[PDB]
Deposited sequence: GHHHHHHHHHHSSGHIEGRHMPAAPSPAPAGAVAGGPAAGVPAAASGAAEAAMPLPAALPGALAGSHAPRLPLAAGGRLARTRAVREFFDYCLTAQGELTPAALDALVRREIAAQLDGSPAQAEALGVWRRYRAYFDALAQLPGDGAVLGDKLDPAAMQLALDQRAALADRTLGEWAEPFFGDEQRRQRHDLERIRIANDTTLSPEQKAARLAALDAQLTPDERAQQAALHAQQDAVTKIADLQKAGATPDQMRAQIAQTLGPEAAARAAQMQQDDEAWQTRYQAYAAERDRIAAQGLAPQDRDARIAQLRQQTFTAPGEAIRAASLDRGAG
């Protein structure tokens, strides 16, 4: 009766993130230190407080066994857990005011408990929330105004998040260019031509093939639909009719997954 996993389910199958080391042989004061602890902490619900503590000590030792960083890591661990301990209603709507104050409080604890580590731990998190909390307030106001308030607010981002956002936007925009051509009803040749001059010939060839696959599917489904309708017109009892149609679907669509897809399309306006 052996166990299927050596670690609790929350962690099983994963590896611990790396503890950042600086030049001074000490822990690099980055958020990566916090990510290490939050990792082990995802298992807190399946472990006793004692078992959890033992795990963290073992995980730290695995990476920093016999080094100044190990003692340093155990130190942050103490201050972090102190944070959670020191961390310790009307069914109404949400107000960015209270939420803003809560972040101001939590930020206070982080400074008292984590101190020097309060910044790398919650620095980014604090900005992210405070910033978004504002956009929500501006959106929910007498304002006409809002656009100008948001345009300015969006000028308080850090050079890291702005770059991170631009990269995610560019990543999605490529997908959107393809989607837009489909909505426009672009033929495979038009899809290839337009995409080739924006995303490149490789993506253009893939997008054109995608259009061709969709067109072939539509043609095959429509041909099947005519045969499906002939069966439906025979006047058989519901159960018998459905069974005969299911058979026709199974014989017509043999590529894995297509019979199921045709069944889906049959359940709507298509």
item	value
Coordinate gaps, deposited numbering	1-52, 141-147, 201, 205-206
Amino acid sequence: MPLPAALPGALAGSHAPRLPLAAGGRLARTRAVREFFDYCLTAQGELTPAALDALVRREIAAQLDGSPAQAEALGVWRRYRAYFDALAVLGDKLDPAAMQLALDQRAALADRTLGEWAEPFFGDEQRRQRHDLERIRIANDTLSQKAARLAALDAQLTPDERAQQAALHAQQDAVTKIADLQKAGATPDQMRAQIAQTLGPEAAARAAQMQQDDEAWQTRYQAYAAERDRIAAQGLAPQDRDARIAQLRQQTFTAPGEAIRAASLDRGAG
From here on, numbers count along this sequence of modelled residues.
item	value
Entry-level comparison of average CA B-factors, 73-81 and 164-172, reporting the higher stretch	73-81
Stretch with the higher entry mean CA B-factor, where the candidates are 228-236 and 63-71	63-71
Peak C-alpha temperature factor (PDB record), options 193, 97, 184, 199	97
Third of the chain, ranked by Cα B-factor, where residue 1 sits	highest
Chain-relative CA temperature factor third for residue 29	highest
Residue 22 - Cα temperature factor, lowest/middle/highest third of chain	highest
